[PDB]
$ cat coords36.tsv   # TSV, C-alpha atoms
chain	number	residue	atom	x	y	z
V	1	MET	CA	129.89	122.23	-16.18
V	2	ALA	CA	132.99	124.13	-15.01
V	3	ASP	CA	130.85	126.14	-12.53
V	4	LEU	CA	129.06	122.99	-11.25
V	5	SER	CA	132.36	121.25	-10.39
V	6	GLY	CA	133.24	123.89	-7.74
V	7	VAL	CA	129.89	123.75	-5.86
V	8	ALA	CA	130.17	119.93	-5.73
V	9	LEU	CA	133.59	120.28	-3.98
V	10	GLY	CA	131.99	122.86	-1.64
V	11	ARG	CA	128.98	120.64	-0.71
V	12	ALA	CA	131.27	117.71	0.13
V	13	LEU	CA	132.51	119.40	3.33
V	14	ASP	CA	128.99	119.07	4.84
V	15	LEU	CA	128.35	115.46	3.75
V	16	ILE	CA	131.78	114.52	5.19
V	17	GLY	CA	131.64	116.60	8.40
V	18	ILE	CA	127.94	116.33	9.31
V	19	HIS	CA	126.92	112.94	7.89
V	20	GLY	CA	130.17	110.98	7.33
V	21	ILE	CA	129.10	109.91	3.77
V	22	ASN	CA	130.85	109.67	0.39
V	23	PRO	CA	128.79	112.25	-1.59
V	24	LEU	CA	128.81	110.41	-4.98
V	25	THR	CA	127.41	106.99	-3.88
V	26	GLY	CA	125.85	108.43	-0.67
V	27	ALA	CA	127.11	105.44	1.42
V	28	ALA	CA	128.75	105.87	4.84
V	29	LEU	CA	132.55	106.40	4.85
V	30	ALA	CA	134.24	103.11	5.77
V	31	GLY	CA	136.38	104.03	8.86
V	32	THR	CA	133.43	105.01	11.16
V	33	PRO	CA	135.05	108.50	11.35
V	34	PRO	CA	134.10	111.33	13.76
V	35	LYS	CA	130.91	113.02	12.44
V	36	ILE	CA	128.76	115.77	14.03
V	37	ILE	CA	125.70	113.45	14.10
V	38	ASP	CA	127.58	111.04	16.46
V	39	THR	CA	126.35	113.32	19.29
V	40	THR	CA	124.11	111.90	22.02
V	41	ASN	CA	122.61	115.42	22.28
V	42	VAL	CA	119.58	114.51	20.12
V	43	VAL	CA	116.19	116.19	20.36
V	44	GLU	CA	113.55	113.95	18.78
V	45	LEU	CA	110.46	115.45	17.12
V	46	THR	CA	107.25	113.78	18.31
V	47	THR	CA	103.95	114.44	16.43
V	48	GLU	CA	103.13	117.19	19.03
V	49	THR	CA	106.59	118.92	18.90
V	50	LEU	CA	106.45	118.68	15.10
V	51	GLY	CA	105.02	122.00	13.85
V	52	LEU	CA	106.98	123.90	16.57
V	53	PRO	CA	110.46	124.45	14.98
V	54	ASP	CA	111.61	127.28	17.33
V	55	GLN	CA	110.96	125.06	20.39
V	56	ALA	CA	113.07	122.32	18.79
V	57	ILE	CA	116.02	124.75	18.30
V	58	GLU	CA	115.84	125.95	21.94
V	59	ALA	CA	115.68	122.36	23.27
V	60	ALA	CA	118.81	121.49	21.23
V	61	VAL	CA	120.59	124.65	22.53
V	62	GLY	CA	119.70	123.55	26.08
V	63	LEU	CA	121.52	120.20	25.59
V	64	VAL	CA	124.72	121.93	24.40
V	65	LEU	CA	124.52	124.31	27.39
V	66	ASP	CA	124.09	121.52	29.98
V	67	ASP	CA	127.24	119.94	28.47
V	68	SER	CA	128.98	123.20	29.62
V	69	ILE	CA	129.66	124.44	26.04
V	70	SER	CA	128.10	127.66	24.57
V	71	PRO	CA	126.67	127.34	21.01
V	72	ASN	CA	127.33	130.12	18.47
V	73	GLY	CA	125.79	128.63	15.29
V	74	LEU	CA	122.77	126.89	13.77
V	75	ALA	CA	122.40	124.79	10.60
V	76	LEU	CA	118.94	124.16	9.08
V	77	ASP	CA	117.48	121.87	6.41
V	78	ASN	CA	115.98	124.36	3.88
V	79	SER	CA	112.55	122.67	4.27
V	80	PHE	CA	112.62	123.07	8.07
V	81	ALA	CA	113.91	126.65	7.66
V	82	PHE	CA	110.73	127.41	5.64
V	83	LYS	CA	108.60	125.67	8.34
V	84	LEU	CA	110.30	127.87	10.99
V	85	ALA	CA	109.97	131.11	8.99
V	86	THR	CA	106.22	130.45	8.40
V	87	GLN	CA	105.42	129.34	12.00
V	88	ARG	CA	102.05	130.82	13.07
V	89	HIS	CA	100.99	132.05	16.52
V	90	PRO	CA	98.65	129.30	17.86
V	91	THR	CA	95.67	131.65	18.63
V	92	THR	CA	96.21	134.97	16.74
V	93	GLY	CA	97.43	133.18	13.55
V	94	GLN	CA	100.10	135.88	12.84
V	95	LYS	CA	103.66	134.90	11.74
V	96	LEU	CA	105.99	134.61	14.75
V	97	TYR	CA	109.21	135.49	12.85
V	98	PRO	CA	108.27	137.73	9.85
V	99	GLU	CA	111.92	138.86	9.34
V	100	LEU	CA	112.81	135.31	8.16
V	101	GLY	CA	110.81	135.73	4.89
V	102	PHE	CA	110.43	132.24	3.34
V	103	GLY	CA	113.51	130.98	5.27
V	104	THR	CA	115.79	130.51	2.20
V	105	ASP	CA	118.66	132.67	3.58
V	106	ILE	CA	118.35	132.76	7.42
V	107	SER	CA	121.57	134.59	8.43
V	108	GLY	CA	120.89	134.41	12.21
V	109	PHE	CA	118.16	133.21	14.64
V	110	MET	CA	117.78	133.60	18.44
V	111	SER	CA	121.31	134.81	19.44
V	112	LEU	CA	123.04	132.42	16.95
V	113	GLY	CA	124.61	132.85	13.52
V	114	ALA	CA	122.78	130.61	11.02
V	115	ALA	CA	123.15	128.86	7.67
V	116	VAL	CA	120.64	126.86	5.61
V	117	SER	CA	121.04	124.09	3.01
V	118	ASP	CA	119.60	120.74	1.83
V	119	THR	CA	123.06	119.27	2.79
V	120	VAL	CA	121.87	119.33	6.44
V	121	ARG	CA	119.38	116.53	5.50
V	122	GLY	CA	122.25	114.73	3.74
V	123	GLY	CA	120.84	116.17	0.43
V	124	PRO	CA	119.77	113.99	-2.54
V	125	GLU	CA	123.13	112.22	-1.95
V	126	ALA	CA	122.15	110.34	1.26
V	127	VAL	CA	118.97	108.83	-0.35
V	128	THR	CA	120.62	107.66	-3.64
V	129	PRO	CA	118.24	104.79	-4.41
V	130	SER	CA	120.68	101.83	-4.76
V	131	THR	CA	123.40	102.80	-2.20
V	132	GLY	CA	122.75	106.01	-0.18
V	133	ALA	CA	123.06	105.53	3.59
V	134	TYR	CA	119.47	106.71	4.37
V	135	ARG	CA	117.62	105.07	1.39
V	136	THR	CA	115.74	102.54	3.62
V	137	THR	CA	115.75	103.96	7.18
V	138	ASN	CA	116.25	107.75	7.32
V	139	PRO	CA	117.25	109.68	10.48
V	140	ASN	CA	115.51	112.89	9.37
V	141	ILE	CA	118.03	115.53	10.57
V	142	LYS	CA	116.07	118.81	10.55
V	143	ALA	CA	118.75	120.98	12.20
V	144	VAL	CA	122.16	121.06	13.97
V	145	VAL	CA	123.00	123.43	16.86
V	146	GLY	CA	126.47	123.85	18.28
V	147	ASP	CA	129.69	125.55	19.13
V	148	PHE	CA	130.86	125.47	15.53
V	149	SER	CA	134.34	126.51	16.78
V	150	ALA	CA	134.71	122.83	17.90
V	151	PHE	CA	134.60	121.70	14.22
V	152	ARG	CA	138.12	122.44	12.91
V	153	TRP	CA	138.93	122.38	9.19
V	154	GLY	CA	140.97	123.80	6.33
V	155	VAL	CA	142.04	123.36	2.70
V	156	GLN	CA	145.37	121.52	2.94
V	157	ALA	CA	145.84	121.52	-0.86
V	158	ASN	CA	143.82	122.38	-3.98
V	159	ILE	CA	144.00	121.21	-7.64
V	160	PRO	CA	142.13	123.71	-9.86
V	161	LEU	CA	139.82	122.63	-12.72
V	162	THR	CA	141.86	121.05	-15.56
V	163	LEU	CA	141.40	119.03	-18.78
V	164	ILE	CA	142.37	115.33	-19.09
V	165	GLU	CA	143.04	114.13	-22.67
V	166	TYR	CA	144.78	110.71	-22.20
V	167	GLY	CA	144.39	107.29	-20.53
V	168	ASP	CA	141.24	106.01	-18.74
V	169	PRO	CA	140.84	108.42	-15.76
V	170	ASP	CA	137.56	106.89	-14.39
V	171	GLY	CA	137.30	103.25	-15.65
V	172	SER	CA	134.84	103.87	-18.54
V	173	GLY	CA	137.47	103.35	-21.33
V	174	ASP	CA	140.41	105.30	-22.80
V	175	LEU	CA	139.81	108.97	-23.80
V	176	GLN	CA	141.71	108.73	-27.13
V	177	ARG	CA	140.19	105.29	-27.95
V	178	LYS	CA	136.71	106.84	-27.55
V	179	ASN	CA	137.35	110.45	-28.80
V	180	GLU	CA	136.22	111.78	-25.37
V	181	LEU	CA	137.55	114.30	-22.84
V	182	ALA	CA	137.31	114.80	-19.07
V	183	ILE	CA	137.54	117.78	-16.70
V	184	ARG	CA	138.68	117.28	-13.09
V	185	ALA	CA	139.05	119.39	-9.97
V	186	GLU	CA	140.21	118.27	-6.49
V	187	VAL	CA	140.47	119.59	-2.94
V	188	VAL	CA	141.85	117.99	0.23
V	189	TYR	CA	140.28	118.99	3.56
V	190	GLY	CA	141.62	118.45	7.04
V	191	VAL	CA	138.59	117.80	9.34
V	192	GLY	CA	138.44	117.30	13.13
V	193	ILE	CA	135.85	117.43	15.96
V	194	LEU	CA	137.10	118.50	19.41
V	195	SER	CA	134.01	117.16	21.19
V	196	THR	CA	130.76	115.60	19.98
V	197	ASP	CA	129.17	117.30	23.05
V	198	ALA	CA	129.69	120.68	21.32
V	199	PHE	CA	126.78	119.74	18.98
V	200	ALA	CA	123.11	118.83	19.26
V	201	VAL	CA	120.76	117.64	16.46
V	202	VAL	CA	117.03	118.00	15.80
V	203	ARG	CA	115.73	114.78	14.19
V	204	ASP	CA	112.60	112.72	13.43
V	205	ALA	CA	112.82	108.89	13.51
G	1	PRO	CA	93.87	132.97	1.79
G	2	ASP	CA	97.29	134.04	3.14
G	3	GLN	CA	98.01	130.56	4.57
G	4	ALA	CA	97.06	129.03	1.19
G	5	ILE	CA	99.44	131.38	-0.74
G	6	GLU	CA	102.12	130.52	1.87
G	7	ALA	CA	101.42	126.76	1.49
G	8	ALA	CA	101.81	127.06	-2.31
G	9	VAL	CA	105.18	128.90	-1.97
G	10	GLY	CA	106.26	125.94	0.20
G	11	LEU	CA	105.69	123.57	-2.75
G	12	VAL	CA	107.78	125.68	-5.19
G	13	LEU	CA	110.68	125.98	-2.70
G	14	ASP	CA	110.70	122.20	-2.05
G	15	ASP	CA	111.20	121.83	-5.85
G	16	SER	CA	114.34	124.05	-5.37
G	17	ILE	CA	113.00	127.04	-7.41
G	18	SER	CA	112.57	130.50	-5.77
G	19	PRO	CA	109.13	132.01	-6.64
G	20	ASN	CA	109.05	135.72	-7.57
G	21	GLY	CA	105.42	136.38	-8.61
G	22	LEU	CA	101.79	135.81	-7.57
G	23	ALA	CA	98.68	135.82	-9.82
G	24	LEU	CA	95.28	136.21	-8.11
G	25	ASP	CA	91.70	135.59	-9.22
G	26	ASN	CA	89.81	138.85	-8.53
G	27	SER	CA	87.30	137.05	-6.22
G	28	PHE	CA	90.12	135.40	-4.22
G	29	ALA	CA	92.08	138.72	-4.12
G	30	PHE	CA	89.01	140.28	-2.44
G	31	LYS	CA	88.78	137.38	0.11
G	32	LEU	CA	92.48	138.05	0.89
G	33	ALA	CA	92.15	141.87	1.16
G	34	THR	CA	89.11	141.48	3.51
G	35	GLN	CA	90.58	138.67	5.71
G	36	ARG	CA	89.93	139.29	9.47
G	37	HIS	CA	92.27	138.77	12.45
G	38	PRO	CA	90.85	135.71	14.28
G	39	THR	CA	90.63	137.22	17.83
G	40	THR	CA	90.44	141.03	17.29
G	41	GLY	CA	88.20	140.99	14.16
G	42	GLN	CA	90.19	143.82	12.43
G	43	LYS	CA	91.39	143.52	8.78
G	44	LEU	CA	94.83	141.85	8.48
G	45	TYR	CA	95.72	143.60	5.19
G	46	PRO	CA	93.83	147.00	5.14
G	47	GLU	CA	96.50	148.35	2.71
G	48	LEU	CA	95.11	146.01	-0.03
G	49	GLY	CA	91.80	147.97	-0.26
G	50	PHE	CA	89.19	145.82	-2.09
G	51	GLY	CA	92.07	143.73	-3.57
G	52	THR	CA	91.46	144.82	-7.22
L	1	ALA	CA	96.45	123.13	-52.51
L	2	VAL	CA	97.61	126.25	-50.58
L	3	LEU	CA	101.34	126.43	-49.69
L	4	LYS	CA	101.90	126.21	-45.86
L	5	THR	CA	105.04	126.38	-43.63
L	6	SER	CA	104.20	122.74	-42.70
L	7	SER	CA	105.89	121.76	-46.02
L	8	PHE	CA	109.22	123.49	-45.11
L	9	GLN	CA	109.92	121.56	-41.82
L	10	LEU	CA	111.79	124.59	-40.40
L	11	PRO	CA	114.34	124.17	-37.55
L	12	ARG	CA	113.67	125.63	-34.06
L	13	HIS	CA	115.58	128.69	-32.85
L	14	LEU	CA	118.13	127.98	-30.08
L	15	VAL	CA	117.83	130.51	-27.23
L	16	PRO	CA	121.07	131.46	-25.34
L	17	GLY	CA	121.78	130.48	-21.70
L	18	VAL	CA	120.95	127.44	-19.50
L	19	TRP	CA	118.08	127.23	-17.00
L	20	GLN	CA	119.11	125.58	-13.72
L	21	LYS	CA	117.66	124.73	-10.30
L	22	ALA	CA	119.95	126.17	-7.57
L	23	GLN	CA	122.20	124.05	-5.29
L	24	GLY	CA	122.27	124.30	-1.47
L	25	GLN	CA	125.70	125.62	-0.36
L	26	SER	CA	128.04	124.45	2.46
L	27	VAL	CA	126.89	125.29	6.02
L	28	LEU	CA	130.24	124.24	7.55
L	29	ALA	CA	132.12	126.75	5.33
L	30	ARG	CA	129.97	129.55	6.96
L	31	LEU	CA	129.56	128.33	10.58
L	32	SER	CA	133.25	127.27	11.04
L	33	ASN	CA	136.10	129.50	9.77
L	34	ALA	CA	138.81	127.76	7.73
L	35	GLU	CA	142.11	127.53	9.62
L	36	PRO	CA	145.39	127.51	7.63
L	37	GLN	CA	146.72	123.92	7.65
L	38	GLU	CA	149.78	122.09	6.27
L	39	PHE	CA	149.21	118.74	4.51
L	40	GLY	CA	148.58	115.88	7.01
L	41	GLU	CA	146.77	114.97	10.24
L	42	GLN	CA	146.58	117.73	12.84
L	43	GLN	CA	146.56	117.18	16.64
L	44	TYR	CA	144.71	119.37	19.18
L	45	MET	CA	145.15	119.45	22.99
L	46	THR	CA	142.02	119.07	25.20
L	47	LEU	CA	141.47	119.44	28.96
L	48	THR	CA	139.92	116.13	30.17
L	49	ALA	CA	139.28	117.01	33.85
L	50	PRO	CA	139.96	120.07	36.11
L	51	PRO	CA	141.76	120.05	39.52
C	1	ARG	CA	128.78	115.03	-7.32
C	2	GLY	CA	132.15	114.91	-5.49
C	3	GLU	CA	133.74	111.60	-4.47
C	4	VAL	CA	135.96	110.97	-1.41
C	5	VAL	CA	139.12	109.02	-2.26
C	6	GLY	CA	141.98	107.34	-0.36
C	7	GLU	CA	145.72	107.74	-1.16
C	8	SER	CA	145.51	105.40	-4.20
C	9	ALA	CA	141.79	104.60	-4.29
C	10	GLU	CA	140.39	104.53	-7.85
C	11	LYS	CA	138.76	107.87	-8.85
C	12	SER	CA	135.26	107.68	-10.52
C	13	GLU	CA	133.18	110.07	-12.73
C	14	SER	CA	129.95	112.04	-12.23
C	15	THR	CA	128.91	114.47	-14.97
C	16	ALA	CA	126.17	117.06	-15.42
C	17	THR	CA	123.11	115.99	-17.50
C	18	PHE	CA	121.02	118.29	-19.74
C	19	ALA	CA	117.77	118.29	-21.75
C	20	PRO	CA	116.07	120.81	-24.10
C	21	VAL	CA	112.50	122.21	-23.85
C	22	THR	CA	110.43	123.78	-26.66
C	23	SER	CA	108.00	126.68	-27.16
C	24	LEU	CA	104.77	126.71	-29.13
C	25	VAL	CA	103.65	129.57	-31.41
C	26	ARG	CA	100.02	130.85	-31.20
C	27	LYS	CA	98.15	133.35	-33.47
C	28	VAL	CA	95.28	135.43	-32.01
C	29	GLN	CA	92.84	137.63	-33.93
C	30	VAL	CA	89.85	139.84	-33.13
C	31	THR	CA	87.51	141.06	-35.90
C	32	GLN	CA	84.51	143.32	-35.44
C	33	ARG	CA	81.94	144.00	-38.17
C	34	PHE	CA	79.60	147.02	-38.52
C	35	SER	CA	77.34	148.80	-41.05
C	36	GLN	CA	78.40	151.89	-43.04
C	37	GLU	CA	75.48	153.75	-41.35
C	38	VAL	CA	77.23	153.24	-37.92
C	39	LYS	CA	80.40	154.99	-39.19
C	40	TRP	CA	78.32	157.97	-40.40
C	41	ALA	CA	76.33	158.15	-37.15
C	42	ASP	CA	79.53	158.00	-35.03
C	43	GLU	CA	81.50	160.62	-36.98
C	44	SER	CA	78.54	163.07	-37.34
C	45	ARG	CA	77.37	162.92	-33.67
C	46	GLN	CA	80.82	162.24	-32.11
C	47	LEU	CA	79.54	159.00	-30.43
C	48	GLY	CA	83.03	157.55	-29.65
C	49	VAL	CA	81.70	154.01	-30.41
C	50	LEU	CA	84.45	153.26	-32.95
C	51	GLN	CA	87.13	154.47	-30.50
C	52	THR	CA	85.76	152.08	-27.84

$ encode --input "coords36.tsv" --output "structure tokens"
Amino acid sequence: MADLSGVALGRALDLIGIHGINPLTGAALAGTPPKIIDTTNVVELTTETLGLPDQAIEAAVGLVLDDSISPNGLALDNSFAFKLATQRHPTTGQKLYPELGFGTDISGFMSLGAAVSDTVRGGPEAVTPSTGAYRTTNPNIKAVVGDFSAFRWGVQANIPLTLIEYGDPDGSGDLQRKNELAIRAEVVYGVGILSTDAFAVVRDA
Amino acid sequence: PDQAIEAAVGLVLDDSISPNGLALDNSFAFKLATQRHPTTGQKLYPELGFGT
Amino acid sequence: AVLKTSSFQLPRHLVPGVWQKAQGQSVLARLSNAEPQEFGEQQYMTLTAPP
Amino acid sequence: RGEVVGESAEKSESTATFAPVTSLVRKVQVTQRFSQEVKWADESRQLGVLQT
């Protein structure tokens, strides 16, 4: 449980910065804040472009470049990263990108640095069945391309993992009344986007 | 056979577990080891011998 | 009748450790470097149009 | 899961959940039966049958 608290604070940076959602309930954050997926640089997968992941990444790069910004990074949904890594040559049937393995840990692709996670889909969080922002209509974000220097962030303050013994810290009822305990950790991120044009997304909707 | 083994790894990864091993029926292991390149007709995996 | 371990109702052995499915990590923490920041809103200067 | 909170928004809880899983235990036996005359044949001729 102590270990799992830290990775939940880590994952939140992507749900905030990419999707603009509160990770717990999965609903959109209330201010309509700047989010990477605000970008009009969308490439939409049609049933013919679907099954060609590398051609979707290059199309998305091309939109960042004709906004006069040079991309340096790529983010992939781990499912689409597998579909890229296993992409077959359309007549010889060989793998196009054998160095990608099963696509679980793609460190770089084309000229770009890369990272891969389910958070790029919005994770399980965005489809939370009662309240998640994508539970009914889902913009299926497969990948994000951009100048990731244009997303600016840092840890402004941190509260390390600590034990709560008293009061009702979550609304469920008092800890001493119920002979319970809680552990809490917190972090506060500054986040800012210098242009939405610095980013393009690969999506299916 | 290789695209079927690949397709099965895809299912384990989309359940968020990383597969480490493969178990083969000896008849299917032979069909894999003798699989031919679709335009050149050469063996894809000549290093597998008879697949035993 | 023959005596069998069925009659003893023996408890199961607990095995150490927890089995877990892995969690996808932050992409933004790897694609964008963290800048040192003081607590509060930051402001950044942008060029809107060239001469 | 993490939750995003305002300056005095009410903080909520989200906790790990666990479940156990259980083994079975299985006993396997092989028994092979032969005549005394086979043991004498094998050990006098060196047939190797009982080693196989």

$ residues_around --input "coords36.tsv" --residues "residue V:58" --least-positions-apart "6" --cutoff "10 Å" --atoms "all atoms listed in the file" --output "NGL selection string"
:V and (43 or 110 or 145)

$ closest_atom_pairs --input "coords36.tsv" --of "chain V" --to "chain G" --cutoff "9 Å" --atoms "only C-alpha atoms" --output "CSV"
residue,atom,partner,partner_atom,distance
V:78,CA,G:14,CA,8.2
V:79,CA,G:14,CA,6.6
V:82,CA,G:10,CA,7.2
V:83,CA,G:10,CA,8.5
V:86,CA,G:6,CA,7.7
V:91,CA,G:39,CA,7.6
V:92,CA,G:38,CA,5.9
V:93,CA,G:38,CA,7.1
V:94,CA,G:37,CA,8.4
V:102,CA,G:9,CA,8.2
V:104,CA,G:13,CA,8.4

$ closest_atom_pairs --input "coords36.tsv" --of "chain L" --to "chain C" --cutoff "12 Å" --atoms "all atoms listed in the file" --output "Markdown table"
| residue | atom | partner | partner_atom | distance |
| --- | --- | --- | --- | --- |
| L:11 | CA | C:22 | CA | 11.6 |
| L:12 | CA | C:22 | CA | 8.3 |
| L:13 | CA | C:22 | CA | 9.4 |
| L:14 | CA | C:22 | CA | 9.4 |
| L:15 | CA | C:22 | CA | 10.0 |
| L:16 | CA | C:20 | CA | 11.8 |
| L:17 | CA | C:20 | CA | 11.5 |
| L:18 | CA | C:18 | CA | 9.2 |
| L:19 | CA | C:20 | CA | 9.8 |
| L:20 | CA | C:18 | CA | 9.6 |
| L:21 | CA | C:18 | CA | 11.9 |
| L:23 | CA | C:1 | CA | 11.3 |
| L:40 | CA | C:7 | CA | 11.9 |

$ residues_around --input "coords36.tsv" --residues "stretch 45-50 of chain L" --least-positions-apart "4" --cutoff "12 Å" --atoms "only C-alpha atoms" --output "PyMOL selection string"
chain V and resi 150+193-195

$ interface_residues --input "coords36.tsv" --of "chain V" --to "chain L" --cutoff "6 Å" --atoms "all atoms listed in the file" --output "VMD selection string"
chain V and resid 10 to 11 14 115 117 to 118 148 to 149 153 to 154 156

$ closest_residue --input "coords36.tsv" --among "L:3, L:51, L:22, L:10" --to "chain G" --atoms "only C-alpha atoms"
L:22

$ atom_distance --input "coords36.tsv" --atom1 "atom CA of residue V:125" --atom2 "atom CA of residue V:39"
21.5 Å

$ axis_aligned_box --input "coords36.tsv" --around "stretch 49-60 of chain V" --padding-each-side "6 Å" --output "AutoDock Vina command-line options"
--center_x 111.9 --center_y 123.0 --center_z 18.6 --size_x 25.8 --size_y 20.6 --size_z 21.4

$ closest_atom_pairs --input "coords36.tsv" --of "chain C" --to "chain V" --cutoff "7 Å" --atoms "all atoms listed in the file" --output "CSV"
residue,atom,partner,partner_atom,distance
C:1,CA,V:24,CA,5.2
C:2,CA,V:8,CA,5.4
C:3,CA,V:24,CA,5.1
C:4,CA,V:22,CA,5.6
C:11,CA,V:170,CA,5.8
C:12,CA,V:170,CA,4.6
C:13,CA,V:170,CA,5.7
C:16,CA,V:1,CA,6.4

$ residues_around --input "coords36.tsv" --residues "residue V:75" --least-positions-apart "4" --cutoff "6 Å" --atoms "only C-alpha atoms" --output "list in words"
residues 114, 115, 116, 143 and 144 of chain V

$ residues_near_point --input "coords36.tsv" --point "(146.3, 110.7, -24.8)" --cutoff "10 Å" --atoms "only C-alpha atoms" --output "ChimeraX atom specification"
/V:164-168,174-177,179,181

$ atom_distance --input "coords36.tsv" --atom1 "atom CA of residue V:107" --atom2 "atom CA of residue V:36"
20.9 Å

$ atom_distance --input "coords36.tsv" --atom1 "atom CA of residue L:2" --atom2 "atom CA of residue C:27"
18.5 Å

$ closest_residue --input "coords36.tsv" --among "G:41, G:12, G:31, G:36" --to "chain L" --atoms "only C-alpha atoms"
G:12

$ closest_residue --input "coords36.tsv" --among "G:26, G:19, G:34, G:45" --to "chain L" --atoms "all atoms listed in the file"
G:19

$ closest_residue --input "coords36.tsv" --among "G:25, G:8, G:15, G:2" --to "chain L" --atoms "only C-alpha atoms"
G:15

$ build_atoms --input "coords36.tsv" --residues "stretch 27-41 of chain C" --atoms "N, CA and C atoms" --output "PDB file, in the coordinates of the input"
ATOM      1  N   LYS C  27      98.672 132.166 -32.773  1.00  0.00           N
ATOM      2  CA  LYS C  27      98.150 133.350 -33.470  1.00  0.00           C
ATOM      3  C   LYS C  27      96.752 133.694 -32.968  1.00  0.00           C
ATOM      4  N   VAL C  28      96.531 134.944 -32.592  1.00  0.00           N
ATOM      5  CA  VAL C  28      95.280 135.430 -32.010  1.00  0.00           C
ATOM      6  C   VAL C  28      94.780 136.591 -32.839  1.00  0.00           C
ATOM      7  N   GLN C  29      93.493 136.590 -33.146  1.00  0.00           N
ATOM      8  CA  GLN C  29      92.840 137.630 -33.930  1.00  0.00           C
ATOM      9  C   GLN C  29      91.525 138.055 -33.280  1.00  0.00           C
ATOM     10  N   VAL C  30      91.180 139.325 -33.437  1.00  0.00           N
ATOM     11  CA  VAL C  30      89.850 139.840 -33.130  1.00  0.00           C
ATOM     12  C   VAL C  30      89.362 140.624 -34.338  1.00  0.00           C
ATOM     13  N   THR C  31      88.142 140.357 -34.782  1.00  0.00           N
ATOM     14  CA  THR C  31      87.510 141.060 -35.900  1.00  0.00           C
ATOM     15  C   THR C  31      86.111 141.471 -35.504  1.00  0.00           C
ATOM     16  N   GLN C  32      85.799 142.736 -35.758  1.00  0.00           N
ATOM     17  CA  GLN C  32      84.510 143.320 -35.440  1.00  0.00           C
ATOM     18  C   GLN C  32      83.913 143.955 -36.672  1.00  0.00           C
ATOM     19  N   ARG C  33      82.647 143.665 -36.934  1.00  0.00           N
ATOM     20  CA  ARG C  33      81.940 144.000 -38.170  1.00  0.00           C
ATOM     21  C   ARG C  33      80.804 144.971 -37.895  1.00  0.00           C
ATOM     22  N   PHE C  34      80.645 146.011 -38.706  1.00  0.00           N
ATOM     23  CA  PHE C  34      79.600 147.020 -38.520  1.00  0.00           C
ATOM     24  C   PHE C  34      79.117 147.601 -39.849  1.00  0.00           C
ATOM     25  N   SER C  35      77.921 148.168 -39.866  1.00  0.00           N
ATOM     26  CA  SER C  35      77.340 148.800 -41.050  1.00  0.00           C
ATOM     27  C   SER C  35      77.938 150.162 -41.348  1.00  0.00           C
ATOM     28  N   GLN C  36      77.966 150.562 -42.614  1.00  0.00           N
ATOM     29  CA  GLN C  36      78.400 151.890 -43.040  1.00  0.00           C
ATOM     30  C   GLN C  36      77.625 153.014 -42.333  1.00  0.00           C
ATOM     31  N   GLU C  37      76.331 152.810 -42.086  1.00  0.00           N
ATOM     32  CA  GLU C  37      75.480 153.750 -41.350  1.00  0.00           C
ATOM     33  C   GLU C  37      75.966 154.009 -39.910  1.00  0.00           C
ATOM     34  N   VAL C  38      76.612 153.042 -39.245  1.00  0.00           N
ATOM     35  CA  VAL C  38      77.230 153.240 -37.920  1.00  0.00           C
ATOM     36  C   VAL C  38      78.417 154.190 -37.990  1.00  0.00           C
ATOM     37  N   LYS C  39      79.240 154.111 -39.035  1.00  0.00           N
ATOM     38  CA  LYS C  39      80.400 154.990 -39.190  1.00  0.00           C
ATOM     39  C   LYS C  39      79.978 156.447 -39.383  1.00  0.00           C
ATOM     40  N   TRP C  40      78.928 156.664 -40.171  1.00  0.00           N
ATOM     41  CA  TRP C  40      78.320 157.970 -40.400  1.00  0.00           C
ATOM     42  C   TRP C  40      77.667 158.538 -39.152  1.00  0.00           C
ATOM     43  N   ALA C  41      76.912 157.724 -38.413  1.00  0.00           N
ATOM     44  CA  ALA C  41      76.330 158.150 -37.150  1.00  0.00           C
ATOM     45  C   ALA C  41      77.424 158.583 -36.165  1.00  0.00           C
TER      46      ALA C  41
END
